[PDB]
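A single chain, nothing else alongside it, follows as structure tokens in the form deposited without the partner chain.
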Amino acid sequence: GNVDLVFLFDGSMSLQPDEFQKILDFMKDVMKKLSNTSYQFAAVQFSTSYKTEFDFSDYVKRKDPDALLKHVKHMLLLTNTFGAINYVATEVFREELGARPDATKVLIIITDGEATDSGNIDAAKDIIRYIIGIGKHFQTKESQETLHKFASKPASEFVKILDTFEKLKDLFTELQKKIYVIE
């Protein structure tokens, strides 16, 4: 059926210009591949606070991915992941913002560091949540587990750990192998 997918990307102080660009490229690639499908998209940059770069209505109005993200500016601040996730659940997934009523909700969280805040993401528990942890900040198994709480279960399918930002290209390659025209 319909799929309303939200990209919640890390814009923290740790990211180098090229790394931030690779995150933007990844989001665009998936969007272009899935253009003219039953998917609709929204994008929110998060660091210390949260900013919807374009919401569902924006995408519907102008499907152009490159145009939708042409305005993004790297925040360069903290990594308040609990707040960011709750922000999507209540401020982005809204009918008035273009979200479709009984559409399946999906969240693709991309981050390069552990969350600097805490609390709960209970309000977002019914959204299908994928998280992509990139870079040396996720070298240890300990740091990787910290991401499970944000993603759906099992972690084996929903939590993806990438050692480099270059690997985002590999991940896109792999996701395309999972694309099918369903009966």
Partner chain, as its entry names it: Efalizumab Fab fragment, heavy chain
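Residue numbers count along the first chain shown, from 1.
Keep in mind the form deposited with the partner chain bound is missing from the figure; the text below concerns it.
**Prompt:** Taking heavy atoms only, is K73 within 4.5 angstroms of the partner chain in the entry with it bound?
**Reply:** Contact with the partner chain, yes.
**Message:** Under a 4.5 Å heavy atom criterion, is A67 part of the interface with the partner chain in the entry with it bound?
**Reply:** Contact check for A67: yes, within 4.5 Å of the partner chain in the entry with it bound.
**in the entry with it bound, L24 touching the partner chain (heavy atom, 4.5 Å)** = Yes.
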